[PDB]
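Below you'll find the structure, written out as structure tokens, and then a few comments.
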Amino acid sequence: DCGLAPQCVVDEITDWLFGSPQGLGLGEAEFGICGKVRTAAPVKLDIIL
Amino acid sequence: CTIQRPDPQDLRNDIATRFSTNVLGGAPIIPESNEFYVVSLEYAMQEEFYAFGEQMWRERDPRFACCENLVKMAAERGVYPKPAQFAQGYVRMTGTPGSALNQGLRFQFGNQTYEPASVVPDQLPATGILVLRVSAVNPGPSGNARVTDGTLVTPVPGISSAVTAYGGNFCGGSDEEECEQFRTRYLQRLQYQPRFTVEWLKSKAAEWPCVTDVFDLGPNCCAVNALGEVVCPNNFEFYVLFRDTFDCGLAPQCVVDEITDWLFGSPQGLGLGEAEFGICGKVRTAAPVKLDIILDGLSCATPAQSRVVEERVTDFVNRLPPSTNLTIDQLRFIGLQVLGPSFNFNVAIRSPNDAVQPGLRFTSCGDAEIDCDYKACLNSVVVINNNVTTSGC
Amino acid sequence: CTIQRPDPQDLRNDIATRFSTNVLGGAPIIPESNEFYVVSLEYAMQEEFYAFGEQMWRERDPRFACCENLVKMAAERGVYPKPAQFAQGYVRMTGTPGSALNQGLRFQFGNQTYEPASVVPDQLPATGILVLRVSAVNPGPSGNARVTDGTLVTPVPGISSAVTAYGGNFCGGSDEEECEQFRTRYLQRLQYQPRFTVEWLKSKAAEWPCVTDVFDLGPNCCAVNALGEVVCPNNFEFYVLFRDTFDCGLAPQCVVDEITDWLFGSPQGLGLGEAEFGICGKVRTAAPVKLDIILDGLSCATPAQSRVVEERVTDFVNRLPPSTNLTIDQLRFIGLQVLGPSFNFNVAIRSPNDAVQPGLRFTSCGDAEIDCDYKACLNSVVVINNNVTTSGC
Amino acid sequence: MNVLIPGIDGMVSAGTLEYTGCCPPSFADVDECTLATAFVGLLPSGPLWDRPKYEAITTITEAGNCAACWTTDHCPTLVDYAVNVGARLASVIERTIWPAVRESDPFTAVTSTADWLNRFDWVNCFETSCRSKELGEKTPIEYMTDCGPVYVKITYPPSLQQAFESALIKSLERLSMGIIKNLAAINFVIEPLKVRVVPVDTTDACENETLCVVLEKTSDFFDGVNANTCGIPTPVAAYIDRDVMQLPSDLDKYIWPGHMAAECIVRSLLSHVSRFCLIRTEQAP
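Residue numbers (PDB author numbering), protein chains in the order written: chain h1, 249 to 297; chain i1, 3 to 395; chain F1, 3 to 395; chain l1, 1 to 285.
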């Protein structure tokens, strides 16, 4: 919904992209490259024209 | 696209039409008259123009460029023809402890002549043995050879005139490049962008003269990753083996310190070597741990099968990464694959003469637990039969 | 190599010396001249000569020879490849007596089609029941089946559509013999064979209908006297497995007793049966011990790996010979060889409902020690998936 | 043991290939007099064309333009028209194909350096009002006022800006090949800007925070660019006296554009490092 994924999916994406533990070059990202993919929670807005 | 050299006859038709319409009021171009020659000349000019255009625009393509138009346009981007390279190896000299050492040493190995590729200490070490990384004087593949005993060309007082090439492997020589092997390694380079990955370090450290395998750290190692007031890794360590050069494939610290000073640069941390700016590291060796493998129950197998299991065990143990337990399950399998699940085959690991070795423990299950900076080296594999059976009857 | 392959340099020196002594009258050769290139070619040609002779020796060696040449070689020594086989059995049909019958009878058993082997009688006998020797229509292992009821395809007036498989089994169905199996069966005939009669008896007992596998006496079935030395069996005994008819392939005693009577004779040792004179022995069977196998940690892998691991462990346990232990290390090796060496994967062998079974003992290490005349039997392979996957959730 | 020089991959060793001999004659060779007389050959032969083709003399006027030499016995024919069209061809080659081939390569561009800078999308760091504060407390080109700093667009002389953009384009094209981020490759990349990065520390500075590195000048002269087809690029000075250019007094005495561009490049390359430190020192020529 809205394209927002639960936290587990983006955690798996981070684990695939950076590795575990991050920064060791055990993933796609280069050595010494740390970070994190995030998600968001929805806020329902109604629009009236 | 849609803009290219016109057809010859098409080009002259266009030029004749333009000359007839803009000059002669529309009159035809009667052959063999002065207007015919003027039109032909012009054409000729236009076609020479288009030809020169196709010539130089070709002289700027790295695929079809000359050869000296390729040495530039590639020496401006930083890609040079690789010259004939010198071979390298390791020697070992002995003498009276404390003798004077020169810098212009030379070693005579058969027909070749070598010189120290590193700095020579001021005096011979107190132990009396000195290992050096030497390199050939003349380039080429002839520097690659297999000779073990060589002589010292310059007699130095108090040092034996008979040196031994460490392992008899002088590796590293090659020949130069041609204008066709430089095309590749040039534009095939253009389609590349190095990235500094763990594969990059693992493939860069394998260049050092005569390194056979590089392994990461072991599962028996803590392995600190943050060398400073930093937030995420800037440290990287590994393990090199010289399998066919040094005993059990382990080199002394004097060798690996040179690789550490070359790869990560010295001072270490400012990217003065091949490694990226701000990445400290170290290339560490290990120490041997002799192990005696007792294969109990092989004699009752076909001699070919016993030979195969021995040649597989001797090779599996030699190639074991440093600081990794030699477990019994990994050995039993080497037997369960060729002998089948209907055969009896127990394996045991023991210390030679049941002596104690630093960094060698035995688990509850019989596996040999090894600490960092220690590597299981094979002493002897033995076949024995104590459980009676009906195989031989 | 098999011929000699002399040192290259020596060969080229000899070629050049011959060319100089004959053509140039004893003078050496100008490098990079017509004669130099002529000498180099000859050399290349003689190198190819050596190679061709070597391979002409190889093409008459049972182990390395093309299949066609292999079959032609083996036909000279009495070994011929095995052709494809059709399944076989008996069908019992019923109906009103006196009805008409034709040769176009075809029966539908399960998914397969079968036809009369012998000549069908003209009329249904007065008893009202006909028993017919019947073979499958398609050759191979598909024709083999274990069925009891079948239908008639082509309907015949006065004959009920329901027919019975007289015996309940359709043996014999086998496929063509490959080239590598034929090679390894031919090469087993020329080589020096100790205890030749044992392999002969096994290869003969393999021809009994529905005998799937033939095994020797397992390891858990040796014997020792009071003094403490192994005793060698004076008879010839082995096991057999009917893997597509009975449960686990274990047959009741009457069948293997008949096989013994057919193979050795009655009384045994007189040459009345298949074996030679003075050859006693006994064909045996086993009792099943039911075992459950539990695979933990398999939900972390991709579905393909899980499916293939379960298939391989089922196959391994089903094909385990009688009188042989089902150790945890073997199942764990089966799982390791698929999942990788750094995967968490634990297997457990249990008894159904934790009940005690005759001839089954669980050693401390976790194995399933199985006594003589018994055989492991896969009750069920269960995988415990506690929702653990690669990314939480 | 083979000397070793620099490359986008580190410190590689170099060599020389053998002179093949082929190599089409390039722009330098094409000459008016040399092909104006060559175009006389396209004419037919006969008693009408033989003597005019023999007496065709060619000379150079003031502005090149290899013309014919109408001595006071000339015989107007078509041969001199052929001289005309040949010299034309030479002129139109040197005016249309020599540029547009000199301009297609970032290492030879002369008059289109601005288009090249727009291709590489080079944006300056010191010229935006919202620069990062780690770029210094007050950059060389920003003067001071109550409302903090204020930047002053600089209008360099045409020749100096030409050479500076040429150097920047060479360096950007080298960097476009994805160097490894050590000090040798970075120095090779920013070499055309005549500057080098040198660390300040000597003892191994792993633990040591603030891995400071200073920039040092390699020369006070940009290698210029030769619009001609044979010669040597005219080197230009790479600095500016502030008082000469009549700039606000708060700026530095001498302003080096290459230093600022190289600072931008090296700060962009080593941004992921969490403890970096470039220190800028005023260098007087």
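We put the beta carbon where it would ideally sit given N, CA and C, even for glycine.
Chain-order list of residues whose beta-carbon lies under 8 angstroms from that of residue i (same chain, five-residue window excluded)
i                      : result
residue 68 (chain i1)  : 61
residue 136 (chain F1) : 90, 91, 92, 93, 109, 116, 117, 118, 119
residue 359 (chain i1) : 291, 292, 353
residue 189 (chain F1) : 64, 65
residue 14 (chain i1)  : 41, 42, 45
residue 264 (chain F1) : 210, 275, 276
residue 163 (chain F1) : 153, 154, 157
residue 19 (chain i1)  : none
Alpha carbon of residue i to alpha carbon of residue j, nearest angstrom
i                      : j                      : result
residue 285 (chain h1) : residue 262 (chain h1) : 6 angstroms
residue 198 (chain i1) : residue 276 (chain h1) : 11 angstroms
residue 210 (chain i1) : residue 247 (chain i1) : 13 angstroms
residue 220 (chain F1) : residue 355 (chain i1) : 36 angstroms
residue 104 (chain i1) : residue 154 (chain i1) : 12 angstroms
residue 339 (chain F1) : residue 345 (chain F1) : 11 angstroms
residue 320 (chain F1) : residue 151 (chain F1) : 27 angstroms
residue 214 (chain i1) : residue 39 (chain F1)  : 40 angstroms
residue 111 (chain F1) : residue 147 (chain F1) : 9 angstroms
residue 204 (chain i1) : residue 240 (chain i1) : 9 angstroms
residue 1 (chain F1)   : residue 337 (chain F1) : The structure shown has nothing for residue 1 (chain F1), since chain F1 only spans 3 to 395.
residue 167 (chain l1) : residue 73 (chain i1)  : 21 angstroms
residue 140 (chain i1) : residue 88 (chain i1)  : 7 angstroms
residue 179 (chain i1) : residue 187 (chain l1) : 27 angstroms
residue 24 (chain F1)  : residue 9 (chain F1)   : 23 angstroms
residue 140 (chain l1) : residue 254 (chain i1) : 53 angstroms
residue 271 (chain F1) : residue 236 (chain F1) : 13 angstroms
Start and end residues, alpha helix (DSSP H) containing residue i
i                      : result
residue 95 (chain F1)  : Element bounds for residue 95 (chain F1): not the alpha helix (DSSP H) but the beta strand (DSSP E), 90-96.
residue 142 (chain l1) : Run containing residue 142 (chain l1): none in the alpha helix (DSSP H); it sits in the beta strand (DSSP E), 142-145.
residue 33 (chain l1)  : 32-36
residue 337 (chain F1) : 330-341
residue 19 (chain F1)  : 10-24
residue 166 (chain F1) : Segment 164-173 is the beta strand (DSSP E) holding residue 166 (chain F1); no alpha helix (DSSP H) there.
residue 257 (chain l1) : 257-269
Contacts around residue i, its chain only, beta-carbon distance under 6 angstroms, and the 5 residues preceding and following it disregarded
i                      : result
residue 274 (chain h1) : 267
residue 172 (chain l1) : 120
residue 223 (chain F1) : 325, 374
residue 253 (chain l1) : 242
Contact set between residue i and chain h1, taken where Cβ atoms lie within less than 8 angstroms
i                      : result
residue 234 (chain i1) : 270, 271, 280, 282
Partner residues on chain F1 for residue i, Cβ-Cβ distance less than 8 angstroms
i                      : result
residue 256 (chain h1) : 393, 394, 395
Interface residues of chain l1 facing residue i [CB-CB closer than 8 angstroms]
i                      : result
residue 55 (chain i1)  : 97
residue 181 (chain i1) : 17, 18, 20
Terminal residues of the beta strand (DSSP E) in which residue i lies
i                      : result
residue 152 (chain i1) : 151-154
residue 256 (chain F1) : Element bounds for residue 256 (chain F1): not the beta strand (DSSP E) but the alpha helix (DSSP H), 255-266.
residue 381 (chain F1) : 376-386
residue 115 (chain i1) : 114-118
residue 295 (chain h1) : Element bounds for residue 295 (chain h1): n/a, residue is neither H nor E.
Residues near residue i in its chain [Cβ-Cβ closer than 7 angstroms; skip 5 each side]
i                      : result
residue 108 (chain l1) : 102
residue 226 (chain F1) : 232, 233
Amino acids of chain l1, ordered along the chain, whose beta-carbon sits closer than 7 angstroms to that of residue i
i                     : result
residue 36 (chain i1) : 78
Closer than 8 angstroms at the beta carbon, the chain i1 residues around residue i
i                      : result
residue 332 (chain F1) : 338, 343
Interface residues of chain i1 facing residue i [CB-CB closer than 9 angstroms]
i                      : result
residue 181 (chain l1) : 198, 273, 278, 279, 280
residue 224 (chain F1) : 390, 391, 392
residue 14 (chain l1)  : 77, 82, 83, 84, 85
Contacts that residue i makes with chain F1 (C-beta to C-beta distance below 7 angstroms)
i                      : result
residue 335 (chain i1) : 335
Inter-residue CB distance, residue i and residue j (contact presumed, cutoff 8 angstroms)
i                      : j                      : result
residue 312 (chain l1) : residue 60 (chain l1)  : Residue coverage of chain l1 in this structure runs from 1 to 285, which leaves residue 312 (chain l1) outside it and unanswerable.
residue 391 (chain i1) : residue 232 (chain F1) : 7 angstroms
residue 131 (chain i1) : residue 96 (chain i1)  : 6 angstroms
Where residue i meets chain i1, residues with beta-carbon distance less than 7 angstroms
i                      : result
residue 323 (chain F1) : 344
Amino acids of chain h1, ordered along the chain, whose beta-carbon sits closer than 9 angstroms to that of residue i
i                      : result
residue 238 (chain i1) : 272, 273, 279, 280
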